[PDB]
Each structure stands twice: as structure tokens, then as C-alpha cells.
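Enquirer: So I've got this file, model_14.pdb, and it contains PDB, C-alpha atoms:
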MODEL        1
ATOM      1  CA  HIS A   4      37.824 -73.354  51.507  1.00  0.00           C
ATOM      2  CA  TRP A   5      34.282 -72.146  51.053  1.00  0.00           C
ATOM      3  CA  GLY A   6      31.265 -74.430  51.099  1.00  0.00           C
ATOM      4  CA  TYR A   7      27.840 -74.793  52.536  1.00  0.00           C
ATOM      5  CA  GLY A   8      28.436 -75.918  56.187  1.00  0.00           C
ATOM      6  CA  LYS A   9      28.274 -74.305  59.495  1.00  0.00           C
ATOM      7  CA  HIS A  10      31.871 -73.311  59.443  1.00  0.00           C
ATOM      8  CA  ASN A  11      32.350 -72.428  55.793  1.00  0.00           C
ATOM      9  CA  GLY A  12      28.898 -71.594  54.508  1.00  0.00           C
ATOM     10  CA  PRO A  13      27.262 -68.448  53.113  1.00  0.00           C
ATOM     11  CA  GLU A  14      27.510 -66.362  56.314  1.00  0.00           C
ATOM     12  CA  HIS A  15      31.318 -66.861  56.246  1.00  0.00           C
ATOM     13  CA  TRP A  16      31.955 -65.997  52.610  1.00  0.00           C
ATOM     14  CA  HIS A  17      32.322 -62.286  53.195  1.00  0.00           C
ATOM     15  CA  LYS A  18      35.682 -62.828  54.980  1.00  0.00           C
ATOM     16  CA  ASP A  19      37.354 -64.084  51.837  1.00  0.00           C
ATOM     17  CA  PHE A  20      35.032 -62.319  49.404  1.00  0.00           C
ATOM     18  CA  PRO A  21      33.985 -58.953  50.831  1.00  0.00           C
ATOM     19  CA  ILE A  22      31.651 -58.243  47.867  1.00  0.00           C
ATOM     20  CA  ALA A  23      29.394 -60.742  49.546  1.00  0.00           C
ATOM     21  CA  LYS A  24      28.042 -57.601  51.303  1.00  0.00           C
ATOM     22  CA  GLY A  25      27.889 -55.618  48.044  1.00  0.00           C
ATOM     23  CA  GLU A  26      25.151 -53.560  46.490  1.00  0.00           C
ATOM     24  CA  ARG A  27      24.040 -56.090  43.826  1.00  0.00           C
ATOM     25  CA  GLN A  28      24.242 -59.549  45.377  1.00  0.00           C
ATOM     26  CA  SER A  29      22.220 -62.613  44.361  1.00  0.00           C
ATOM     27  CA  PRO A  30      19.962 -64.403  44.895  1.00  0.00           C
ATOM     28  CA  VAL A  31      17.050 -62.263  46.046  1.00  0.00           C
ATOM     29  CA  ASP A  32      13.436 -62.744  46.992  1.00  0.00           C
ATOM     30  CA  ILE A  33      11.125 -61.819  44.076  1.00  0.00           C
ATOM     31  CA  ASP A  34       8.166 -59.971  45.542  1.00  0.00           C
ATOM     32  CA  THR A  35       5.634 -60.541  42.805  1.00  0.00           C
ATOM     33  CA  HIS A  36       3.480 -57.636  43.933  1.00  0.00           C
ATOM     34  CA  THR A  37       6.193 -55.115  43.637  1.00  0.00           C
ATOM     35  CA  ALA A  38       7.965 -56.314  40.493  1.00  0.00           C
ATOM     36  CA  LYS A  39       6.655 -54.021  37.765  1.00  0.00           C
ATOM     37  CA  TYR A  40       5.608 -55.076  34.357  1.00  0.00           C
ATOM     38  CA  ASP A  41       7.919 -53.401  31.855  1.00  0.00           C
ATOM     39  CA  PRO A  42       6.334 -53.259  28.389  1.00  0.00           C
ATOM     40  CA  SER A  43       9.762 -52.258  26.993  1.00  0.00           C
ATOM     41  CA  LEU A  44      11.171 -55.749  27.769  1.00  0.00           C
ATOM     42  CA  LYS A  45      11.412 -58.168  24.829  1.00  0.00           C
ATOM     43  CA  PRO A  46      10.709 -61.793  24.552  1.00  0.00           C
ATOM     44  CA  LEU A  47      13.641 -63.859  25.429  1.00  0.00           C
ATOM     45  CA  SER A  48      15.387 -65.633  22.549  1.00  0.00           C
ATOM     46  CA  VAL A  49      16.855 -68.918  23.575  1.00  0.00           C
ATOM     47  CA  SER A  50      18.691 -70.591  20.647  1.00  0.00           C
ATOM     48  CA  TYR A  51      19.996 -73.947  21.790  1.00  0.00           C
ATOM     49  CA  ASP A  52      19.553 -76.030  18.590  1.00  0.00           C
ATOM     50  CA  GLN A  53      23.340 -76.235  17.974  1.00  0.00           C
ATOM     51  CA  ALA A  54      24.389 -76.561  21.588  1.00  0.00           C
ATOM     52  CA  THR A  55      27.300 -78.964  22.087  1.00  0.00           C
ATOM     53  CA  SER A  56      27.564 -80.360  25.469  1.00  0.00           C
ATOM     54  CA  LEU A  57      30.910 -81.973  26.276  1.00  0.00           C
ATOM     55  CA  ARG A  58      31.295 -83.034  29.887  1.00  0.00           C
ATOM     56  CA  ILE A  59      29.714 -83.216  33.382  1.00  0.00           C
ATOM     57  CA  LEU A  60      31.838 -82.302  36.332  1.00  0.00           C
ATOM     58  CA  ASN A  61      31.506 -82.701  40.205  1.00  0.00           C
ATOM     59  CA  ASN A  62      33.302 -79.615  41.367  1.00  0.00           C
ATOM     60  CA  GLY A  63      32.726 -80.252  45.016  1.00  0.00           C
ATOM     61  CA  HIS A  64      29.870 -77.649  45.299  1.00  0.00           C
ATOM     62  CA  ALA A  65      27.488 -78.846  42.536  1.00  0.00           C
ATOM     63  CA  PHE A  66      27.788 -80.546  39.172  1.00  0.00           C
ATOM     64  CA  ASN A  67      28.396 -78.584  36.017  1.00  0.00           C
ATOM     65  CA  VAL A  68      27.205 -79.637  32.515  1.00  0.00           C
ATOM     66  CA  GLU A  69      29.810 -77.905  30.240  1.00  0.00           C
ATOM     67  CA  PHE A  70      29.471 -76.710  26.736  1.00  0.00           C
ATOM     68  CA  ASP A  71      31.675 -75.888  23.786  1.00  0.00           C
ATOM     69  CA  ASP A  72      31.599 -72.107  23.855  1.00  0.00           C
ATOM     70  CA  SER A  73      34.293 -71.672  21.134  1.00  0.00           C
ATOM     71  CA  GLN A  74      31.531 -70.558  18.607  1.00  0.00           C
ATOM     72  CA  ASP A  75      27.959 -68.991  18.596  1.00  0.00           C
ATOM     73  CA  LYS A  76      26.292 -72.266  19.081  1.00  0.00           C
ATOM     74  CA  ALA A  77      23.893 -71.913  22.055  1.00  0.00           C
ATOM     75  CA  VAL A  78      23.042 -68.270  22.605  1.00  0.00           C
ATOM     76  CA  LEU A  79      20.682 -66.136  24.682  1.00  0.00           C
ATOM     77  CA  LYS A  80      19.606 -62.785  23.349  1.00  0.00           C
ATOM     78  CA  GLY A  81      16.664 -60.457  23.695  1.00  0.00           C
ATOM     79  CA  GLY A  82      14.760 -60.133  26.824  1.00  0.00           C
ATOM     80  CA  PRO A  83      16.507 -57.399  28.829  1.00  0.00           C
ATOM     81  CA  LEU A  84      19.836 -58.045  27.049  1.00  0.00           C
ATOM     82  CA  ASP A  85      21.829 -55.964  24.583  1.00  0.00           C
ATOM     83  CA  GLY A  86      23.882 -58.236  22.330  1.00  0.00           C
ATOM     84  CA  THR A  87      24.624 -61.946  22.424  1.00  0.00           C
ATOM     85  CA  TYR A  88      25.442 -64.241  25.274  1.00  0.00           C
ATOM     86  CA  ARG A  89      26.986 -67.727  24.774  1.00  0.00           C
ATOM     87  CA  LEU A  90      26.123 -70.741  26.887  1.00  0.00           C
ATOM     88  CA  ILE A  91      29.146 -72.075  28.857  1.00  0.00           C
ATOM     89  CA  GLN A  92      27.557 -74.325  31.513  1.00  0.00           C
ATOM     90  CA  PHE A  93      24.575 -75.187  33.580  1.00  0.00           C
ATOM     91  CA  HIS A  94      24.289 -76.367  37.141  1.00  0.00           C
ATOM     92  CA  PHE A  95      21.746 -76.722  39.918  1.00  0.00           C
ATOM     93  CA  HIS A  96      21.186 -75.847  43.538  1.00  0.00           C
ATOM     94  CA  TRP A  97      19.033 -78.146  45.705  1.00  0.00           C
ATOM     95  CA  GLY A  98      17.911 -79.042  49.130  1.00  0.00           C
ATOM     96  CA  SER A  99      18.025 -81.860  51.681  1.00  0.00           C
ATOM     97  CA  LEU A 100      14.170 -81.901  51.489  1.00  0.00           C
ATOM     98  CA  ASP A 101      11.708 -80.732  48.890  1.00  0.00           C
ATOM     99  CA  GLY A 102      10.817 -77.609  50.911  1.00  0.00           C
ATOM    100  CA  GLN A 103      14.104 -75.930  50.236  1.00  0.00           C
ATOM    101  CA  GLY A 104      16.826 -75.768  47.633  1.00  0.00           C
ATOM    102  CA  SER A 105      16.220 -72.789  45.407  1.00  0.00           C
ATOM    103  CA  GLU A 106      18.340 -69.661  45.658  1.00  0.00           C
ATOM    104  CA  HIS A 107      15.799 -67.179  44.382  1.00  0.00           C
ATOM    105  CA  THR A 108      12.471 -67.248  46.191  1.00  0.00           C
ATOM    106  CA  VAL A 109       9.031 -66.005  44.984  1.00  0.00           C
ATOM    107  CA  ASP A 110       7.058 -64.252  47.725  1.00  0.00           C
ATOM    108  CA  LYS A 111       9.391 -66.129  50.167  1.00  0.00           C
ATOM    109  CA  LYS A 112       8.475 -69.517  48.607  1.00  0.00           C
ATOM    110  CA  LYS A 113      11.455 -71.834  48.260  1.00  0.00           C
ATOM    111  CA  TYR A 114      11.427 -74.389  45.435  1.00  0.00           C
ATOM    112  CA  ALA A 115      13.034 -77.809  45.665  1.00  0.00           C
ATOM    113  CA  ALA A 116      15.838 -76.797  43.339  1.00  0.00           C
ATOM    114  CA  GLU A 117      16.973 -74.173  40.841  1.00  0.00           C
ATOM    115  CA  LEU A 118      18.763 -74.555  37.534  1.00  0.00           C
ATOM    116  CA  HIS A 119      21.213 -71.897  36.324  1.00  0.00           C
ATOM    117  CA  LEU A 120      22.131 -71.679  32.636  1.00  0.00           C
ATOM    118  CA  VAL A 121      25.188 -69.472  32.477  1.00  0.00           C
ATOM    119  CA  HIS A 122      26.019 -67.387  29.457  1.00  0.00           C
ATOM    120  CA  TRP A 123      28.752 -64.812  28.755  1.00  0.00           C
ATOM    121  CA  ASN A 124      28.629 -61.653  26.653  1.00  0.00           C
ATOM    122  CA  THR A 125      30.464 -62.220  23.437  1.00  0.00           C
ATOM    123  CA  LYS A 127      31.618 -58.624  23.324  1.00  0.00           C
ATOM    124  CA  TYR A 128      34.177 -59.479  26.011  1.00  0.00           C
ATOM    125  CA  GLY A 129      35.717 -62.424  24.149  1.00  0.00           C
ATOM    126  CA  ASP A 130      35.938 -64.995  26.970  1.00  0.00           C
ATOM    127  CA  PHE A 131      34.214 -65.906  30.195  1.00  0.00           C
ATOM    128  CA  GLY A 132      37.077 -64.739  32.477  1.00  0.00           C
ATOM    129  CA  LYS A 133      37.013 -61.247  30.872  1.00  0.00           C
ATOM    130  CA  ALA A 134      33.197 -61.189  30.974  1.00  0.00           C
ATOM    131  CA  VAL A 135      32.943 -61.733  34.712  1.00  0.00           C
ATOM    132  CA  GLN A 136      34.905 -58.496  35.222  1.00  0.00           C
ATOM    133  CA  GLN A 137      32.075 -56.468  33.589  1.00  0.00           C
ATOM    134  CA  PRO A 138      28.731 -55.390  34.982  1.00  0.00           C
ATOM    135  CA  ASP A 139      26.961 -56.758  31.879  1.00  0.00           C
ATOM    136  CA  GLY A 140      29.282 -59.684  31.416  1.00  0.00           C
ATOM    137  CA  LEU A 141      26.928 -62.587  32.167  1.00  0.00           C
ATOM    138  CA  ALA A 142      23.300 -63.525  31.666  1.00  0.00           C
ATOM    139  CA  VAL A 143      22.051 -66.350  33.883  1.00  0.00           C
ATOM    140  CA  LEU A 144      18.733 -68.027  33.073  1.00  0.00           C
ATOM    141  CA  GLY A 145      17.277 -69.320  36.328  1.00  0.00           C
ATOM    142  CA  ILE A 146      14.603 -71.998  36.326  1.00  0.00           C
ATOM    143  CA  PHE A 147      12.816 -73.332  39.407  1.00  0.00           C
ATOM    144  CA  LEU A 148      12.250 -77.021  39.988  1.00  0.00           C
ATOM    145  CA  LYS A 149       9.241 -78.410  41.830  1.00  0.00           C
ATOM    146  CA  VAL A 150       8.686 -82.057  42.710  1.00  0.00           C
ATOM    147  CA  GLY A 151       5.861 -83.794  40.807  1.00  0.00           C
ATOM    148  CA  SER A 152       6.015 -85.459  37.452  1.00  0.00           C
ATOM    149  CA  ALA A 153       9.373 -86.553  36.061  1.00  0.00           C
ATOM    150  CA  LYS A 154      11.159 -84.313  33.607  1.00  0.00           C
ATOM    151  CA  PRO A 155      12.180 -86.676  30.821  1.00  0.00           C
ATOM    152  CA  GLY A 156      14.855 -84.313  29.534  1.00  0.00           C
ATOM    153  CA  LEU A 157      16.588 -84.399  32.901  1.00  0.00           C
ATOM    154  CA  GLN A 158      16.908 -88.202  33.134  1.00  0.00           C
ATOM    155  CA  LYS A 159      20.153 -88.351  31.116  1.00  0.00           C
ATOM    156  CA  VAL A 160      21.749 -86.043  33.687  1.00  0.00           C
ATOM    157  CA  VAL A 161      20.442 -88.045  36.595  1.00  0.00           C
ATOM    158  CA  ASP A 162      21.641 -91.306  34.886  1.00  0.00           C
ATOM    159  CA  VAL A 163      25.307 -90.095  34.902  1.00  0.00           C
ATOM    160  CA  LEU A 164      25.550 -88.853  38.479  1.00  0.00           C
ATOM    161  CA  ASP A 165      26.674 -92.223  39.884  1.00  0.00           C
ATOM    162  CA  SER A 166      29.849 -91.856  37.791  1.00  0.00           C
ATOM    163  CA  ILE A 167      30.689 -88.421  39.333  1.00  0.00           C
ATOM    164  CA  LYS A 168      29.865 -89.080  42.963  1.00  0.00           C
ATOM    165  CA  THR A 169      32.713 -87.267  44.502  1.00  0.00           C
ATOM    166  CA  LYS A 170      34.560 -83.970  44.077  1.00  0.00           C
ATOM    167  CA  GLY A 171      36.869 -83.871  41.114  1.00  0.00           C
ATOM    168  CA  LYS A 172      35.183 -86.538  39.070  1.00  0.00           C
ATOM    169  CA  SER A 173      34.067 -85.846  35.526  1.00  0.00           C
ATOM    170  CA  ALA A 174      32.542 -87.819  32.709  1.00  0.00           C
ATOM    171  CA  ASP A 175      31.978 -87.402  28.930  1.00  0.00           C
ATOM    172  CA  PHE A 176      28.586 -85.853  28.451  1.00  0.00           C
ATOM    173  CA  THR A 177      28.056 -85.198  24.844  1.00  0.00           C
ATOM    174  CA  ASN A 178      24.880 -84.664  22.833  1.00  0.00           C
ATOM    175  CA  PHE A 179      22.819 -83.441  25.762  1.00  0.00           C
ATOM    176  CA  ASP A 180      20.083 -81.076  24.713  1.00  0.00           C
ATOM    177  CA  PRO A 181      19.366 -78.312  27.301  1.00  0.00           C
ATOM    178  CA  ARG A 182      16.089 -77.507  25.590  1.00  0.00           C
ATOM    179  CA  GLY A 183      14.653 -80.427  27.482  1.00  0.00           C
ATOM    180  CA  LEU A 184      15.114 -78.528  30.734  1.00  0.00           C
ATOM    181  CA  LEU A 185      12.958 -75.502  29.814  1.00  0.00           C
ATOM    182  CA  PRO A 186       9.343 -74.882  30.888  1.00  0.00           C
ATOM    183  CA  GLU A 187       6.672 -74.161  28.403  1.00  0.00           C
ATOM    184  CA  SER A 188       6.519 -70.290  28.968  1.00  0.00           C
ATOM    185  CA  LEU A 189       9.500 -67.906  28.798  1.00  0.00           C
ATOM    186  CA  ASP A 190       7.825 -65.251  30.942  1.00  0.00           C
ATOM    187  CA  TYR A 191      10.452 -63.856  33.347  1.00  0.00           C
ATOM    188  CA  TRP A 192      11.591 -61.527  35.980  1.00  0.00           C
ATOM    189  CA  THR A 193      14.877 -59.678  35.578  1.00  0.00           C
ATOM    190  CA  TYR A 194      17.234 -57.705  37.808  1.00  0.00           C
ATOM    191  CA  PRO A 195      21.004 -56.887  38.059  1.00  0.00           C
ATOM    192  CA  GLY A 196      22.955 -59.131  40.383  1.00  0.00           C
ATOM    193  CA  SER A 197      25.871 -61.432  40.998  1.00  0.00           C
ATOM    194  CA  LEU A 198      27.279 -64.896  40.855  1.00  0.00           C
ATOM    195  CA  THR A 199      25.746 -66.836  43.727  1.00  0.00           C
ATOM    196  CA  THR A 200      28.988 -68.648  44.588  1.00  0.00           C
ATOM    197  CA  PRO A 201      32.408 -67.206  45.298  1.00  0.00           C
ATOM    198  CA  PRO A 202      33.827 -65.024  43.829  1.00  0.00           C
ATOM    199  CA  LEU A 203      30.345 -63.431  43.981  1.00  0.00           C
ATOM    200  CA  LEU A 204      31.173 -61.038  41.176  1.00  0.00           C
ATOM    201  CA  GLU A 205      28.573 -58.422  40.353  1.00  0.00           C
ATOM    202  CA  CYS A 206      28.445 -59.230  36.627  1.00  0.00           C
ATOM    203  CA  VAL A 207      25.101 -60.896  36.028  1.00  0.00           C
ATOM    204  CA  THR A 208      21.835 -59.886  34.398  1.00  0.00           C
ATOM    205  CA  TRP A 209      19.461 -62.341  36.027  1.00  0.00           C
ATOM    206  CA  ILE A 210      16.545 -63.724  34.026  1.00  0.00           C
ATOM    207  CA  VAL A 211      14.365 -65.884  36.307  1.00  0.00           C
ATOM    208  CA  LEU A 212      11.544 -67.779  34.611  1.00  0.00           C
ATOM    209  CA  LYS A 213       8.144 -67.611  36.219  1.00  0.00           C
ATOM    210  CA  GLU A 214       7.114 -71.142  35.313  1.00  0.00           C
ATOM    211  CA  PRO A 215       8.872 -73.948  37.235  1.00  0.00           C
ATOM    212  CA  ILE A 216       9.712 -77.296  35.709  1.00  0.00           C
ATOM    213  CA  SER A 217       8.535 -80.488  37.329  1.00  0.00           C
ATOM    214  CA  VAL A 218      10.941 -83.190  38.301  1.00  0.00           C
ATOM    215  CA  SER A 219      10.174 -86.415  40.073  1.00  0.00           C
ATOM    216  CA  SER A 220      11.096 -87.163  43.706  1.00  0.00           C
ATOM    217  CA  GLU A 221      13.257 -89.980  42.351  1.00  0.00           C
ATOM    218  CA  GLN A 222      15.199 -87.508  40.147  1.00  0.00           C
ATOM    219  CA  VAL A 223      15.895 -85.128  42.969  1.00  0.00           C
ATOM    220  CA  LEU A 224      16.774 -87.917  45.360  1.00  0.00           C
ATOM    221  CA  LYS A 225      19.555 -88.820  42.903  1.00  0.00           C
ATOM    222  CA  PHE A 226      20.988 -85.287  43.180  1.00  0.00           C
ATOM    223  CA  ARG A 227      21.055 -85.775  46.954  1.00  0.00           C
ATOM    224  CA  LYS A 228      23.257 -88.897  46.666  1.00  0.00           C
ATOM    225  CA  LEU A 229      26.144 -86.854  45.287  1.00  0.00           C
ATOM    226  CA  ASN A 230      29.006 -86.009  47.623  1.00  0.00           C
ATOM    227  CA  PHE A 231      30.745 -82.759  48.438  1.00  0.00           C
ATOM    228  CA  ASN A 232      33.866 -84.753  49.548  1.00  0.00           C
ATOM    229  CA  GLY A 233      36.478 -86.351  47.370  1.00  0.00           C
ATOM    230  CA  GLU A 234      36.981 -90.082  46.837  1.00  0.00           C
ATOM    231  CA  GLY A 235      37.799 -91.987  49.908  1.00  0.00           C
ATOM    232  CA  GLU A 236      37.139 -89.075  52.269  1.00  0.00           C
ATOM    233  CA  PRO A 237      34.281 -89.007  55.136  1.00  0.00           C
ATOM    234  CA  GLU A 238      30.984 -88.868  53.266  1.00  0.00           C
ATOM    235  CA  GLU A 239      29.103 -85.603  53.374  1.00  0.00           C
ATOM    236  CA  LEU A 240      26.027 -85.662  51.111  1.00  0.00           C
ATOM    237  CA  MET A 241      25.809 -82.829  48.504  1.00  0.00           C
ATOM    238  CA  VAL A 242      22.581 -81.183  49.764  1.00  0.00           C
ATOM    239  CA  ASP A 243      21.587 -77.645  50.673  1.00  0.00           C
ATOM    240  CA  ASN A 244      24.115 -76.119  48.257  1.00  0.00           C
ATOM    241  CA  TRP A 245      22.088 -72.876  47.987  1.00  0.00           C
ATOM    242  CA  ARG A 246      22.891 -69.322  49.025  1.00  0.00           C
ATOM    243  CA  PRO A 247      19.921 -67.649  50.780  1.00  0.00           C
ATOM    244  CA  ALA A 248      18.265 -64.448  49.541  1.00  0.00           C
ATOM    245  CA  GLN A 249      20.353 -61.284  49.883  1.00  0.00           C
ATOM    246  CA  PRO A 250      19.217 -57.686  50.400  1.00  0.00           C
ATOM    247  CA  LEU A 251      17.630 -56.119  47.281  1.00  0.00           C
ATOM    248  CA  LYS A 252      19.118 -52.681  48.108  1.00  0.00           C
ATOM    249  CA  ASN A 253      18.815 -50.172  45.363  1.00  0.00           C
ATOM    250  CA  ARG A 254      17.311 -52.516  42.719  1.00  0.00           C
ATOM    251  CA  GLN A 255      14.206 -53.034  40.772  1.00  0.00           C
ATOM    252  CA  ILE A 256      12.898 -56.375  39.665  1.00  0.00           C
ATOM    253  CA  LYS A 257      11.020 -56.104  36.342  1.00  0.00           C
ATOM    254  CA  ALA A 258       8.459 -58.483  34.916  1.00  0.00           C
ATOM    255  CA  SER A 259       8.170 -59.389  31.262  1.00  0.00           C
ATOM    256  CA  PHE A 260       4.458 -60.235  31.664  1.00  0.00           C
ATOM    257  CA  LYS A 261       1.322 -58.734  33.031  1.00  0.00           C
TER     258      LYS A 261
ENDMDL
END
Here is the file; what I need is its structure written in the form of C-alpha cells.
Expert:
Amino acid sequence: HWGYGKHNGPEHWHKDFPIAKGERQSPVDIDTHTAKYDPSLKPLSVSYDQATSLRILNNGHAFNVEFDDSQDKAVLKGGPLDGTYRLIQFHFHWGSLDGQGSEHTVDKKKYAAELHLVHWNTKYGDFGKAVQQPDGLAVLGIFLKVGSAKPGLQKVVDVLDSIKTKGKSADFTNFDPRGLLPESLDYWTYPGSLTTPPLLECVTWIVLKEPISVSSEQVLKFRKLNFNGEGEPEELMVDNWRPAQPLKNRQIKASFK
């Protein structure tokens, strides 16, 4: 099945998922000189006070921090969005070394990692219906650089030993995703896709300009995860990022001057 290797990685995905070569694929390189400031864009509204995390999962690609999305508890609105988008999960992409790992790039710069907070449009009732719509999802992307520790990340890092291998999950309640946000909510936005199969072209991307800092020790713990299942040959969960795809007929807009 699909993965990140030489034989099953991003360049192979198109054979099982031909939209991989579509008109609105993600990620992309954000050329800061050509992204235009759009004064019509609103501030983003991130309302995570009542978010209810439930569980962390090793799905064999990354780990997912899952939320109760059965009510309007943790919602994204504003920005480029019409209506209300409910948080369902977050996950990361990261490298084998600090010089790579992000999916989006900024003037070709790769960050050490990238966090995706995934939200679905409540007008479509559930996530599976939402991903069939061009405005079904809003993904908040946040870059990670290596420097000072991010204290709000440590609880995630803590738990990773318990989900080493594919298929392992653990209770992960009471985790506050606000502790993963940078100070500024300035962003770039563009229409794109899921960055893993099935690569559906259902996402309004909102990529924050300001990275968070995490420590080398935090990231090193991500890199101890495994893509394999229990008792199988160990293959470290690193370099689980899709490279930048062609921008095609799209504009990237900036919320800030």
C-alpha cells in the first residue's frame, strides 16, 4: 500500500490515485514575492476553548491526535472561509534531519516539520461527506523549526513511546491544541488537496506565516516512531512528507502586508 519509500512513495501515488496529477494538489511552494495581499481576507477565528481530544493513533504514516467532532466544540471560521469548520484531528509531517520535513515550503525553504489541524465544513454533516466537496475541509498548517522547546507539545511527545508501531493507539484526553499555535495568525491561503491518499481536492489551505519552535529533543522523539507494525522489521517513521506540487492555475493570497 502507499507510503513514503522508494517503491511506494509520492512519485508512485498517481497509479492508485490519479488525482495526484490534478489541478489543485497540495502541498505547494509559497513564493512570498508573488503571493498578493488581499485586504478582503478576514482575521482567522480559531475557537479551541472547548476542544475535546480523545485519542492518539499511529496509523502507519503519522500519528493522529483525534477530537470529538460530534458538536461545535473546536471550530475554525473567518479568514478566507464561509461558514464553520469543526476540528477532527491534527497530525504532523517531519524529516530525518532538521533541514527537511515540511510539506509546504516558503521561497523553497523546508522547515523541520509541519502540523496540520484538519477541520470539516459543518454544512456537509460529516467528514466523509465533506471530503467530496471542493470547500469541504479547512486545514490550518503550521511550520515547526528547531530551537526552543514548545511546552504545549511535550504531552504529545510524552505519549509516543506507547504508540511506537502502526495500529497502536492510546487515550489522549484533555489535550489543548491552543498550545501548538504561534503568536501571530497571519496566513497565506490557496485551494488545494489532502496531502496523503486519497489526495482529494477538498481543502482550503490556511498556512500560518509564523513557525513554532520545538526542541531538537522533541523532534528526535517523533523520529523514533515506526512505520511498521509490532514485531515487524523496524523502519523509522521519518520523511513522511509529500514534496511541493505544481501550482497550476492558482493564486496564493496573503492576509498581511
Enquirer: When distances are computed from only C-alpha atoms, which of A:157, A:121, A:223, A:116 shows the smallest separation from residue 77 of chain A?
Expert: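 Once distances to residue 77 of chain A are computed over only C-alpha atoms, the minimum belongs to A:121.
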Enquirer: Set the distance at 8 Å and use only C-alpha atoms: which residues neighbour segment 237-243 of chain A once local chain neighbours fewer than 6 positions away are removed? I'd like the list as a VMD selection string.
Expert: chain A and resid 7 64 to 65 96 to 99 103 to 104 226 to 231
Enquirer: Apply the PyMOL selection byres ((chain A and resi 61) around 6) to the structure shown and report the selected residues as a ChimeraX atom specification.
Expert: /A:60,62-63,66,167,170-172
Enquirer: So the first atom is atom CA of residue 128 of chain A and the second is atom CA of residue 90 of chain A; what is the distance between them in Å, to one decimal place?
Expert: 13.9 Å
Enquirer: Name the residues that the PyMOL selection byres ((chain A and resi 94) around 9) picks from the file above, as a PyMOL selection string, using the file's chain letters and numbers.
Expert: chain A and resi 65-69+92-93+95-96+117-121
Enquirer: Please evaluate the PyMOL selection byres ((chain A and resi 156) around 12) against the structure above and give the resulting residues as a PyMOL selection string.
Expert: chain A and resi 152-155+157-162+179-186+216-219+222
Enquirer: Between atom CA of residue 85 of chain A and atom CA of residue 34 of chain A, what distance in Å does the model show, to one decimal?
Expert: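 The value is 25.3 Å.
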Enquirer: A:44, A:211, A:135, A:163: which is nearest residue 194 of chain A, counting all atoms listed in the file?
Expert: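 Checking each candidate against residue 194 of chain A, we get A:211 as the closest.
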